[PDB]
Amino acid sequence: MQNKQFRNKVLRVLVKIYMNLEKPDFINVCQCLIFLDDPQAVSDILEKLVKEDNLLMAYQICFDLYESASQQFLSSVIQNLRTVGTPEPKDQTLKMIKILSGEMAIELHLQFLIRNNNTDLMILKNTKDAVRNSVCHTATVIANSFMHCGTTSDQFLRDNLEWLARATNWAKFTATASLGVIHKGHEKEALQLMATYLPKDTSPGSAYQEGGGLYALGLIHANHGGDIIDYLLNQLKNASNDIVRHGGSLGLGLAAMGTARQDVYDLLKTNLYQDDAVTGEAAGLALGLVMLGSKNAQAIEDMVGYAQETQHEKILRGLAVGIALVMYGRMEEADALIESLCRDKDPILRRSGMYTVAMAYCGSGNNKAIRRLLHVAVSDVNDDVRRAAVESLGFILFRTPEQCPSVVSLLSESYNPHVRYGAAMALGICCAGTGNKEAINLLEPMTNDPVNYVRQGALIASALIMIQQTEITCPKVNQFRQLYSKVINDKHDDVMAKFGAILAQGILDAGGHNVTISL
Amino acid sequence: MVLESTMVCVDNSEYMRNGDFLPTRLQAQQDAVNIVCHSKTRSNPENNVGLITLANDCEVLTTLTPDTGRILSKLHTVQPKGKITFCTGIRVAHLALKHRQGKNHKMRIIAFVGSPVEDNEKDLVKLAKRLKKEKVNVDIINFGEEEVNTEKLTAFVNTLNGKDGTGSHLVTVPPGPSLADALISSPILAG
Amino acid sequence: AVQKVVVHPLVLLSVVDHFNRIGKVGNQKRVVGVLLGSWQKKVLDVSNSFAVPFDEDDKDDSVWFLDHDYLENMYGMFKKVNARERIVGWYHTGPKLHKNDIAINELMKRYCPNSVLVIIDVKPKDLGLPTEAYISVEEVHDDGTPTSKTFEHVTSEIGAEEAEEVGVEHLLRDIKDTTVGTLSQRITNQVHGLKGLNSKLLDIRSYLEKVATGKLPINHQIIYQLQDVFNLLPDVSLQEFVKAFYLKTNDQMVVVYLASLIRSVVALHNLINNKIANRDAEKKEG
Amino acid sequence: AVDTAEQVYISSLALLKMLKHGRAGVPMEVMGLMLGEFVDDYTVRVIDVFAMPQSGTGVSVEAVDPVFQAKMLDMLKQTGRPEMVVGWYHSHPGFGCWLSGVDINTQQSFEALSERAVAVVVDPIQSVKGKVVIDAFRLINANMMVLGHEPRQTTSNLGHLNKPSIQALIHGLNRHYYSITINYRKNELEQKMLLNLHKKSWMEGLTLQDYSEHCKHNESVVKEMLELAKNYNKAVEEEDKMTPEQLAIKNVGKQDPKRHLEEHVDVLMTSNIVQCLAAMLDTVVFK
Ligand SMILES: [Zn+2]
């Protein structure tokens with residue numbers, strides 16, 4: 188549980204020993220460069236690649252360092268390596326071009342993921358048998374988007390058009406966005422596929438197709454180097470009703486995530502200056518995404534100054550997540566900010582302090598924030614910070630999956646169902662991708678209760694643990710049978726219980742058991 | 001038609017019952033208020049007319065309203081106390097002009113002065129500077145006198161009257177047994 | 005005439021509305037509201053109230069603006085919908101007692117019956133009771149000063165009859181009831197010293213200031229009764245009260261015997277189940 | 024053909040006006056009018072709420088006087104109340120909070136101007152003083168019987184709307200008759216002014232008056248409560264002398280629902296007043 192005051196020095200002084208050996212190792216430079224993130228520690232290893240004249244060994248370090256562990260350090264190292272070289318000359322050019330490409334991973338993932346798909350008619354037929362026109366309509370298309378993610382299998386949605394556009398509401402927006410979740414990583418078939426739907430008059434009666442086209446386009450071009458943002462500014466400049474602003478703001482902010490450009494900040498501010506809650510919520514999410522690591526001076530004070538001067542709540546949650554995602558790496562900085570903003574009169578901003586300090590203290594590096602996290606989770610009377618408090622506890626304690634049920638097992642069956650629901654999300658996020666049974670043996674008391682909150686959160690928490698697990702290792706027949714009986718028992722259950730039931734069933738069938746999740 | 005507010009201030013001192021002038025001219029100027037309020041009613045019935053005195057303890061007799069049916073009853077029981085009060089007499093109406101219902105109605109306040117002024121020239125130039133500053137139409141009507149008619153009130157009006165183009169007019173009535181209605185109805189302010 | 009009054013929080017929350025519908029104009033002066041209540045019974049009971057446009061002048065304090073037509077219309081419609089409550093007086097939100105209040109209250113003294121006056125604070129920073137009933141009655145002074153309007157303090161209480169307690173308790177969900185016991189008592193026994201310390205300490209400063217640096221006689225006659233009541237306890241030697249300390253200490257001994265004996269009775273089920281349950285669960289566990 | 028997720032904002036103004044209006048809520052049918060401001064599509068805020076004079080006819084379109092309504096609304100427009108009406112409220116005592124044909128007819132006639140037409144019915148007559156949870160009513164379109172009934176998004180708040188779960192009105196008359204969720208809002212001025220006002224409502228004037236009353240009544244009146252408390256203590260110990268026989272015979276199962284412990288703990292809590300106020304008398308005697 189280092190405090191980063193000496194770990195960076197010990198690492199930066201211990202990385203000088205392997206370069207003097209007969210051959211350099213990758214586990215130490217990776218396991219150090221994932222934490223220190225110092226520019227002076229990469230300038231030597233980026234220039235020694237030319238001196239060593241070894242092409243095979245650089246592909247791995249380029250693949251993983253350009254893969255993860257940094258976003259803005261990659262945004263700076265791409266021009267650091269772009270400056271080095273020509274403004317083996319013929320080989321270093323194709324090397325430096327092909328190392329920062331990043332599309333080869335999308336090609337191979339699209340390849341094996343395009344030839345490993347396995348679909349069954351029982352699941353989709355069961356969804357069509359249990360589909361409702363009111364609530365679970367979005368659950369069916371989001372489950373179909375989960376199971377058909379990456380495989381670009383639109384033939385399932387090419388069967389008929391009377392099942393998607395039968396109602397003019399947000400269901401078509403969730404269906405088009407779900408289609409954006411289906412196919413991803415397309416520079417021509419994306420815009421061409423969206424334009425081929427109605428290339429007759431260029432005036433759709435339902436703007437949810439355009440909003441879902443911009444949001445889906447942002448889902449497709451997320452973290453890509455071939456962004457169409459330049460065209461997204463000329464397309465976003467057009468005046469439209471709550472679809473170019475919302476969908477265009479979400480897609481533009483997601484595509485421009487990590488760029489920290491002042492242009493999207495200016496147009497985003499003038500887009501939120503209309504006092505609207507929807508475009509201010511989407512503008513808050515987009516601003517939080519694009520401000521990853523920027524830490525602008527006047528932005529925080531301008532948003533917290535804009536918070537209490539309005540009555541809507543969607544603007545307070547949009548700016549809440551906006552100021553929550555911007556806080557990254559400010560362990561030694563956000564102390565007075567979170568400590569000062571923790572005693573605010575607004576419960577929404579009170580949740581914004583916990584969500585803000587959640588990602589700031591990742592790695593279980595601070596055991597002091599849990600004092601006020603659980604102190605406000607138990608002491609406060611409003612259930613908002615009570616159900617929204619433990620998400621920070623899981624976000625800071627996601628390292629050890631065994632230590633979580635020992636302290637949240639009391640919150641499994643709490644006094645009010647709100648702490649039971651938020652605690653169910655805590656068990657869902659803390660043990661995700663693992664195989665710890667300390668929550669699985671406690672899932673049985675969670676799934677039987679007259680309140681639908683703990684039942685929904687119990688089905689989601691069980692759906693986040695049953696993924697990527699074999700039956701011969703642990704007897705999952707209990708939760709498989711009691712979870713499969715929810716779609717046949719939905720007639721005697723609540724309207725939302727079947728929504729979270731089939732929505733939980735869409736997690737296991739996501740990608741046909743090929744793709745999983747990892748924290 | 002014309003959208004403006006009408007405010008009249010009548011004197012309640014004992015100087016209005018002298019036998020040399022009209023026989024208790026309070027009823028005569030009451031009929032003057034009647035013919036100007038009924039005249040403005042015939043021109044535009046949406047105009048509101050208020051009633052207030054200039055005594056030491058100023059009391060709002062009638063709120064600004066076009067309904068004169070109860071104003072006719074409020075014109076009685078004048079309570080003839082006090083002699084004169086100018087500062088809070090101006091401030092009691094010119095500052096209360098913001099309490100009117102219609103914001104489009106112009107500001108117009110008249111006053112019946114039946115007693116000699118007790119304020120010095122400094123209060124005349126300060127209050128005149130305030131009235132000229134806020135740009136409120138002020139009509140000065142002086143009934144009865146003891147000293148010379150206009151000695152400092154001339155400079156008071158000349159320094160108070162702004163916007164010389166179709167601005168305010170001064171009403172000076174000479175002594176005489178004839179009625180004052182036809183004399184005060186001569187300027188354009190009446191009708 | 006009136007010994008005590010009853011003021012419901014609905015009128016003070018109507019003052020919260022007076023501070024809500026301002027509109028950020030920058031005036032926030034002493035908005036005068038027309039207080040309503042039941043003057044029939046000897047005790048005064050405020051149910052609700054309304055407002056009247058009131059504006060003063062910056063320099064001149066004697067300027068006051070009221071309205072008779074709006075008062076007769078609000079009183080006529082309010083009396084038509086509820087004839088059980090009539091006009092009683094008025095109230096201002098200004099923390100300072102200005103001289104113009106005799107002219108403002110004099111109107112409701114002539115037209116209306118004897119009006120009660122209530123001074124509150126614009127900012128909820130005063131720890132004391134914000135409501136003070138000040139009756140408008142003329143009292144004869146001994147020094148020979150002319151008879152003028154005197155504001156005598158009448159005690160007040162903040163209580164709700166049927167529903168406002170339920171509404172306030174539902175909207176708060178943080179305040180606690182009486183709950184006789186340890187916490188509700190020890191909180192009062194801890195913070196009461198500040199509850200008297202801020203008031204008395206806040207008063208003795210302006211008091212001692214106006215003692216030496218004071219003019220415009222403030223009825224110094226009452227100060228003789230002030231220091232007299234302050235000297236009604238001339239540091240008693242506690243010689244006679246020793247037996248009373250023996251009585252209260254004897255009751256303390258009774259509480260000691262009740263605590264030790266009763267807790268000793270409570271220790272039965274615990275100090276028995278801890279053995280019979282652990283030994284049987286252990287001998288029968290495997 | 025479009026619908027959103029609306030939510031009615033309820034402050035303490037309309038709540039307290041419905042509490043006093045509920046106290047004056049005679050069995051005769053009453054009338055009321057709500058005001059507010061429309062900022063967007065899916066939110067509504069109520070600020071001004073007043074009462075209406077009762078009539079022998081009751082809740083009807085003929086009882087609503089247009090010159091009286093427009094007159095009072097004009098008198099509110101000349102003052103610092105620039106808010107337009109948002110709906111009308113009433114009370115349904117005895118026969119339940121459901122709406123009859125006349126109420127839905129005058130609601131259909133009164134909803135021609137405002138598309139929202141918020142309707143709230145307070146009934147504190149048979150409602151216990153423990154909860155004051157109120158519910159807002161809405162009107163559905165008659166042409167929506169072919170399509171879905173309520174295509175409202177954000178189905179999370181329906182769990183909070185399921186608190187009024189009466190098995191006769193909700194689904195006993197759910198056809199062509201639905202409801203909407205209700206939330207509250209409180210600023211710092213209501214929190215500190217109302218919180219300190221309620222604490223002061225449960226406190227003293229100078230906060231030092233009624234302390235010595237109990238501190239000195241511990242020797243006069245509380246002694247009787249201590250002697251009677253010991254009489255109940257002995258009245259339980261006379262059976263506690265018989266408890267070790269059964270506890271010494273069976274030791275299996277519990278038959279007496281009485282705990283005999285928390286009551287004595289409460290007696291100790293009432294007895295600790297002497298200990299807690301002894302230091303108070305020490306401070307009054309000391310200084
Ligand atoms: Zn009835």
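From first to last, the protein sequence lines stand for chains U, b, Z and c.
Going left to right, the first sequence walks through residues 188 to 274, 317 to 748 as the entry's author numbering numbers them.
Residues in the second sequence are numbered consecutively from 1, following the entry's author numbering.
Residues in the third sequence are numbered consecutively from 5, following the entry's author numbering.
Residues in the fourth sequence are numbered consecutively from 24, following the entry's author numbering.
All C-beta atoms, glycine included, are put in the ideal place defined by N, C-alpha and C.
| Query | Result |
| --- | --- |
| Reference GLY651 (chain U); option with closest CA among U:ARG628, U:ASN677, U:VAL619, U:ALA668 | U:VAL619 |
| Rounded Cβ spacing between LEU16 (chain Z) and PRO99 (chain Z) (contact assumed at less than 8 Å) | Rounded, the Cβ-Cβ distance is 14 Å, inconsistent with contact. |
| Selection of the region 675-692 of chain U by Cβ proximity to chain c, strictly under 7 Å | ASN681, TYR682 |
| Own chain residues within Cβ distance below 6 Å of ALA484 (chain U), not counting five before or after | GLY447, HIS450, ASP456, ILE458 |
| Opening and closing residue of the beta strand (DSSP E) in which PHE155 (chain Z) lies | 153-162 |
| Distance cut-off 6 Å: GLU134 (chain b) Cβ against heavy atoms of ligand 2 | Summarising the ligand content, the structure contains ligand 1 and does not contain ligand 2. |
| Beta strand (DSSP E) runs wholly inside the region 44-84 of chain b, at least 3 long, in chain order | 49-53, 60-65 |
| Nearest residue (CA-CA) to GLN30 (chain c), options U:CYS591, U:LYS354, U:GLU542, U:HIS412 | U:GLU542 |
| Partner residues on chain U for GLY171 (chain c), Cβ-Cβ distance less than 8 Å | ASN362, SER363, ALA396 |
| Beta strand (DSSP E) segment containing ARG108 (chain b), residue limits | 108-113 |
| Close Cβ partners of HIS196 (chain Z) (< 8 Å) along its chain, the five nearest in sequence each way excluded | none |
| Residues bridged to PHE160 (chain c) [DSSP beta-bridge criterion] | c:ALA142, c:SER202 |
| Pick from b:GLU46, b:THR88, b:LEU54, b:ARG70 that is closest to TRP68 (chain Z), judged by C-alpha positions | b:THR88 |
| Contact residues within the region 157-184 of chain Z, judged by C-beta distance below 8 Å to chain b | none |
| C-alpha gap between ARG490 (chain U) and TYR253 (chain U), whole angstroms | 21 Å |
| Within-7 Å CB hit, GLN256 (chain Z) to chain c | yes |
| Contact set between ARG46 (chain c) and chain U, taken where Cβ atoms lie within less than 7 Å | Correct list: empty, because the minimum Cβ distance to chain U is about 28 Å. |
| Residues bridged to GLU168 (chain Z) (per DSSP) | For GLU168 (chain Z), which the question treats as bridged, DSSP gives no partner whatsoever. |
| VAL610 (chain U) (DSSP reduced to helix, strand or coil) | coil |
| Within-7 Å CB hit, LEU160 (chain b) to chain Z | no |
| Expected contact under 8 Å - CB spacing of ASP158 (chain c) and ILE205 (chain c) to nearest Å | 7 Å |
| Counted within 10 angstroms of its Cβ, other Cβ atoms place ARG198 (chain c) as buried (16 or more) or exposed | exposed |
| Residues in the region 31-59 of chain b having any Cβ partner in chain Z nearer than 8 Å | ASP57, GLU59 |
| Short Cβ contact (7 Å threshold) for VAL109 (chain c) with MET57 (chain c) | yes |
| Top-ranked residue by Cα proximity to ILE71 (chain b), from b:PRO80, b:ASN34, b:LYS40 | b:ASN34 |
| Three-pair Cβ contact test at 8 Å for the region 48-57 of chain b versus the region 6-18 of chain b | yes |
| CA nearest to the CA of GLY144 (chain b), picked from b:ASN158, b:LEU127, b:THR172 | b:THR172 |
| For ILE694 (chain U), the three-state DSSP class (helix, strand or coil) | coil |
| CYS238 (chain c) versus Z:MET81, Z:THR253, Z:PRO221, residue with shortest Cα-Cα distance | Z:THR253 |
| Element boundaries [beta strand (DSSP E), containing residue 204 (chain b)] | Past the edges of chain b, shown from 1 to 191, lies residue 204 (chain b), and the structure says nothing about it. |
| Closer than 7 Å to chain c by CB, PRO117 (chain Z) | no |
| Same chain, Cβ closer than 6 Å to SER78 (chain c), five either side skipped, listed in chain order | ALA86 |
| Which listed residue (U:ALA359, U:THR380, U:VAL533, U:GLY477) has its alpha carbon closest to that of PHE402 (chain U) | U:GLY477 |
| Given 8 Å, three or more beta-carbon pairs between the region 622-634 of chain U and the region 586-602 of chain U | yes |
| is_contact[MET725 (chain U), chain c] using C-beta, thresh 7 Å | yes |
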